[PDB]
Amino acid sequence: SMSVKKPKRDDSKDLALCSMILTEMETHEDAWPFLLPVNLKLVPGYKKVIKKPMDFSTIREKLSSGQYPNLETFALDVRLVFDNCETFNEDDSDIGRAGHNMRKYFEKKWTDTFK
């Protein structure tokens, strides 16, 4: 509270480490559904159903331009990618499986890096 602070957790490496994680995700073989924004002209249903589209390119641009105030807002956008994928795609489709695999991959790198 006022003039009473918890000890300072060192955040100075967070940007670099989120960038490394994101590089790892961009280079995964199963990243292909997630590399660019879903084309809203060519994918019926996507625009109306998925209220907050998110993709790795958009996260990379946000990361590069200071639009994440902290590492939790970065993790929220990554998880949004996989949450959107589960909303729109059957678990037993190639895209649906890709999204599960990517989520698993991310969450391990997240825990190993920060927890």
# chains A, B, ... in the order shown; residues from 1 in each chain; ligands from 1
>>> residues_around(residues="range 73-78 of chain A", least_positions_apart="3", cutoff="10 Å", atoms="only C-alpha atoms", output="PyMOL selection string")
chain A and resi 15+18+22+25+52-56+58-60+62-63+67-70+81-83+102-103+106-107+110
>>> residues_around(residues="residue 101 in chain A", least_positions_apart="3", cutoff="10 Å", atoms="only C-alpha atoms", output="ChimeraX atom specification")
/A:28,30-31,82,95-98,104-106
>>> residues_around(residues="residue 14 in chain A", least_positions_apart="2", cutoff="10 Å", atoms="only C-alpha atoms", output="ChimeraX atom specification")
/A:10-12,16-20,70-71,113-114
>>> write_last_selection(atoms="C-alpha atoms", output="PDB file, in the first residue's frame")
ATOM      1  CA  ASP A  10      13.985  -8.215 -11.639  1.00  0.00           C
ATOM      2  CA  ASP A  11      12.082  -7.575 -14.913  1.00  0.00           C
ATOM      3  CA  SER A  12      14.946  -6.152 -16.943  1.00  0.00           C
ATOM      4  CA  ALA A  16      14.627 -10.261 -24.376  1.00  0.00           C
ATOM      5  CA  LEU A  17      13.322 -13.457 -22.954  1.00  0.00           C
ATOM      6  CA  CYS A  18       9.745 -12.976 -24.425  1.00  0.00           C
ATOM      7  CA  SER A  19      11.499 -12.259 -27.796  1.00  0.00           C
ATOM      8  CA  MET A  20      13.410 -15.600 -27.507  1.00  0.00           C
ATOM      9  CA  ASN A  70       4.615  -6.336 -18.938  1.00  0.00           C
ATOM     10  CA  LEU A  71       5.272 -10.071 -19.495  1.00  0.00           C
ATOM     11  CA  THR A 113      11.921 -19.307 -18.172  1.00  0.00           C
ATOM     12  CA  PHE A 114       9.915 -17.371 -15.565  1.00  0.00           C
TER      13      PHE A 114
END
>>> atom_distance(atom1="CA of residue 108 in chain A", atom2="CA of residue 72 in chain A")
15.3 Å
>>> closest_residue(among="A:88, A:7, A:13, A:21", to="residue 48 in chain A", atoms="only C-alpha atoms")
A:88
>>> select_by_dssp(residues="chain A", states="helix (DSSP H, G or I)", output="number ranges by chain")
A: 14-26, 29-31, 46-49, 56-64, 71-88, 94-114
